[PDB]
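Each chain, written out:
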Amino acid sequence: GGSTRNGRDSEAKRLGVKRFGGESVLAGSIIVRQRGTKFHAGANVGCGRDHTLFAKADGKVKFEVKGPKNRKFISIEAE
Amino acid sequence: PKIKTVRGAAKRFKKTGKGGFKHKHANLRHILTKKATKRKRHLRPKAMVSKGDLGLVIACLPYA
Amino acid sequence: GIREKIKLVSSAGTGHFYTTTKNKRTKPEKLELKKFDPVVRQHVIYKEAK
RNA sequence: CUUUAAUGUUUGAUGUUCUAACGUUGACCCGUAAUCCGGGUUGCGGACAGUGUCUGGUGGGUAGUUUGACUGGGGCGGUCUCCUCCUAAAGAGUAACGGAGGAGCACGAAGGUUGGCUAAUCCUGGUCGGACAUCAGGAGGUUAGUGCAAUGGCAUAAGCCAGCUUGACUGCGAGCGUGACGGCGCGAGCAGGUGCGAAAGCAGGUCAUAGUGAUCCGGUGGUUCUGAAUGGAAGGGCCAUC
RNA sequence: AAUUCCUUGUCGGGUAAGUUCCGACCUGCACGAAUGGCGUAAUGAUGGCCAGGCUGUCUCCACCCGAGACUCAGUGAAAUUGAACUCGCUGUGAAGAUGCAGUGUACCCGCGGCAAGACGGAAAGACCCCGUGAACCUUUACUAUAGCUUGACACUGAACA
RNA sequence: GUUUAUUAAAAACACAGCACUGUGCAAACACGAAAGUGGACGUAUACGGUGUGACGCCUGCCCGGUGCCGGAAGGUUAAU
RNA sequence: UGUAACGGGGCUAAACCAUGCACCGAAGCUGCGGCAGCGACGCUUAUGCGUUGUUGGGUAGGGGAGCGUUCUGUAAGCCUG
RNA sequence: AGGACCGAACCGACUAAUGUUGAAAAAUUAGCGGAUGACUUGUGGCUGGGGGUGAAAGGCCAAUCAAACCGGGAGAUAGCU
RNA sequence: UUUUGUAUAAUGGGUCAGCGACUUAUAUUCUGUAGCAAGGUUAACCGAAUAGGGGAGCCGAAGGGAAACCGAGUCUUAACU
RNA sequence: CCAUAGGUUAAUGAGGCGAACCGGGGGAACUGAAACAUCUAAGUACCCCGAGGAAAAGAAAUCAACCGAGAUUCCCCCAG
């Protein structure tokens, strides 16, 4: 028969890279599709809707593993 | 003779102070219940022609 | 496409209205909601459909 | 006022009669020692036929055209837009008529908030309960569940229940992501009004990613905008929407 | 079977041998009754098959007579043609070489012949595909339209139920 | 008998016959923008169109579909 | 079609493995002579230049600078029996 | 008598060979079909291009025919060579 | 010439001589150059006429908004927030 | 019967040709829209009629905007 169909996305991964000086609201990890690979806990709580993680203060990205579940968190720390 | 402007383009675009043209955003004519208010609110103002389309608009409008 | 488009008309006397969808097979009653009327700048009752 | 076997007095369907327009490719006369055509006499038909304008039907008898693309040549078959996984080489992207599946919705609650709660499965005693209906106990730990495909999620649950409710608000929006563009997506925060909470606070739709269609043209509601001498209006514009 | 794919169906005849022929069977892929069905004397430069005669059609060619071809004198074209000092083989190579590589062979130049090659000459392939190409034809494609037809008004009037 | 005069002469076309159907004469039909003309100086034993194709024996069933013919009760329906 | 599956002759090393030195070998590099583009300094201006470093394969294409032909002014000038 | 039979003129064109830069832009040679008839032929006329005419092949209409020829729109258009 | 690629057995050309293909008009943008400098410049026409006149007009110095309107601000919006 | 129709004679004018321009009657298609039918090409090509040295048009039942201009024609702007 026939089985040749596919969808499209054009980004699916992080943009902030833990040295990245992201200001204001830059999407640190857009189209993660989900709050579980990365959580936002440094600059308050990101993860608005479609779980896009974004900065809330002008500063450097921070990647870290916290919690009892060994979950990965994106933080924003000041320069 | 004189160049004749594309009158449809003259209806879709108006010129600004530094050069470059201002148009109306699409997707606000029709079937608007589906669209969110954020989307229609962002489509309400006028936008600028975006530098790949400027050559086409300047070609269509020799008197602007 | 069983859901059909209806209006919600302000009870504050203005011409302002919202639009939404509703299926009359399961919800034949008229939908009433407190919505913001920007002409009056207050939350008022919106009920009337097209 | 609905009606009267003479009166103030119309409209429309067939039917009959008349002649006087019109027809006569009936007979006779003249132009004329002309099958034409006129004029005249008469007969027959007669407000019919026929013609003009408008109009419904029929109309390849003609006329102008259309009748897609991909494609391991073309045709047949299949496909064309959107979502999920793999291919895809640990950033993004990435092709094939490659391998698999779904979507063209639903929900005024299945949205918001507050408070509360935790599954699948297995082993046992008891009303048709039997292997599986409902209890009670133990093991187990998310093997469940998510309104619907798949993937990534999810216990602080986004999974289940209840109360109150409409933030499925309006105008904006620093800053980004993604596109050649049209566009699409994410967004803290500001103002005005809400809802739920004692409060911190949360809410600009649903766990996220499919559920869609530009422009033109036109319809509907609103509008201290325009309105081709002036006052209006028609029409146009702007906002919401179809 | 002008119709049967299977198929050279099967049976019989003809032949030493017959995918064709003739006569049947019916298992008619997919005959059939004025798109006419079946038959039919005569007719046919009609299609298929058989036989007698006849023969160079053939076994298998032989000889002869004429017109050319050959030589001489006179007149005198053509297609074609990038240039040529214009071999064979094997390999290579835009994938079938006169020209490239290796090798072999070959004194220079005519004349009569044959056509294996020069992917020979001729004709911007007609088959196939493509072009938002053309023409003509068809229809139950779309949009018109001549004609045919329906009614209203006018030409076109008067009485009576 | 005729035919693609220049690759097809045939089983093709035509044909006499047969049938269906139209046509009442200013006929149908055709050419024509119209006058007019052919049909025809004919008149249903005539003329046109269609299909079949001497002759012999025949031509069965189906009117659901599409045409054509007949009818106007009802529905729909134009200009006005 | 003809050796035709080292290019050939031919090779028992003129084959293969290991080590070493030498040489050949290109339009590469260097030497010598010449031309041109681009950049950086110096003497300072429609600046002549010098020093120095480097560059110069090119299709489509872009940029720059020119040769030659006919005609017009210069031209009743100049050349020319 | 006969769209009768055989067969010349006449009309045609079934087969073969030659010719295929031909003697000829369809013929020659040897046979072949009709040859009193729906025959053949001379002269003149008429029918004109979405038209005519056609015993029908899309045949023929001046060596041109699924729309003649000439002139014009016209340098149609050509995403092709 | 066309190509991924041609000695290609893909195209074209027998040869020579002559002719043969990016032009012209108007409008618009950009560059070089020249004049003038918040100004620049005229068209038709007049004119012994390349002079001179003619400033009709065109472009620029101001934008924002759909528009009225406002104006170094203006739109959006109750709100330069 | 009157008369008209007709006939004859005479006078005057016309006829036909010609390159362009002009007015009127009729009037395409190729093409462009990247197909095509509204549209375009274009009232162009072409055909026909008529006239003149020019033709046509022409003295407001015209514009304008509360101010005003004062027939027609042609050129430059307005203005793509």
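Note: the structure precedes this text.
Quick word on the overall build of chain B
Here comes step 1: Looking only at helices and strands, chain B features 3 helices and 3 strands.
Here comes step 2: Over its C-alpha trace chain B gives a radius of gyration of 14 Å, far above what one expects of a compact globule, namely 11 Å for 64 residues.
Here comes step 3: Projected onto its principal axes, the C-alpha positions of chain B cover 50 × 25 × 20 Å.
Here comes step 4: By the burial criterion, 16% of the 64 residues in chain B qualify as buried.
Here comes step 5: Put simply, of all contacts in chain B between residues at least 6 apart along the chain, 54% involve residues at least 24 apart.

Some words on the pairing of strand β2 (residues 21-24) of chain B
All names here are of chain B.
Here comes step 1: Two elements, strand β1 (residues 14-15) and β2, share 2 bridges in a ladder whose sense is antiparallel. Following the sheet pairing, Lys15 is matched in β2 by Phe21.
Here comes step 2: In sequence, β1 turns back onto β2 through a hairpin of 5 residues, with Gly19 there showing a positive phi of about 85°.
Here comes step 3: Direction of pairing for β2 relative to strand β3 (residues 46-48): antiparallel, over a ladder of 3 bridges. Counted as the bridge partner of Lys22 is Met48 from β3.

Regarding the sheet that holds strand β4 (residues 42-48) of chain C
Residues and elements named next belong to chain C.
Here comes step 1: Pairing is antiparallel in the open sheet, where 4 strands are placed in the order β2-β1-β4-β3. Every other strand in the sheet has two partners, leaving β2 (17-22) and β3 (33-37) as the edge strands with one partner each. Taken over all neighbouring pairs, the strand axes of this sheet differ in orientation by 45° on average, direction set aside.
Here comes step 2: Relative to β4, β3 runs antiparallel, the two sharing 5 bridges. Within β4, the residue paired with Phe36 across the bridge is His43.

So, the protein's contact with RNA strand I
Here comes step 1: Residues in close proximity to RNA strand I include B:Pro1, B:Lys2, B:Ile3, B:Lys14, B:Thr16, B:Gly17, B:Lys22, B:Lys46, B:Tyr63 and C:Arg41, which together make up its full environment.
Here comes step 2: Here the atoms of RNA strand I within 4 Å of the protein split so that 71% fall in sugar or phosphate, with bases taking the remainder.
Here comes step 3: Between B:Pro1 and RNA strand I, the recorded distance is 2.9 Å, taken from a backbone N or O atom to a base oxygen.
Here comes step 4: Partitioned by chemical class, the residues of the surface near RNA strand I number 3 nonpolar, 2 polar and 5 charged.

A few points about unusual backbone geometry
All names here are of chain B.
Here comes step 1: With a phi close to 60°, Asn27 is a non-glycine residue in the positive phi region.
Here comes step 2: Along the polypeptide, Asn27 turns up in the loop between β2 and α2 (37-43).
Here comes step 3: Here the phi dihedral of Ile31 falls at roughly 40°; this positive angle occurs in a residue that is not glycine.
Here comes step 4: With respect to the helices and strands, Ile31 occurs in the loop between β2 and α2.

About the thresholds
Residues numbered from 1 in each chain as written, not as in the entry; some residues may be left out. Chains lettered and ligands numbered in written order. Part of a larger assembly, values for the part shown. Heavy atoms only, no water. Helix = DSSP H or I, 4+ residues; strand = E, 2+ residues; numbered from the N terminus. Rg over C-alpha atoms; globule rule 2.2 N^0.38 Å. Buried < 20%, exposed > 50% of the residue type's maximum accessible area, 1.4 Å probe, protein only. Contact = heavy atoms within 4.5 Å. Pairing = 2+ DSSP bridges. Axes fitted to C-alpha atoms, helices over the stretch in contact; angles between N-to-C directions. Near = heavy atom within 4 Å. Polar contact = N/O pair within 3.5 Å; in protein donor to acceptor, adjacent residues only side chain to side chain. Nonpolar A, V, L, I, M, F, W, Y, C, P; charged D, E, K, R; others polar.

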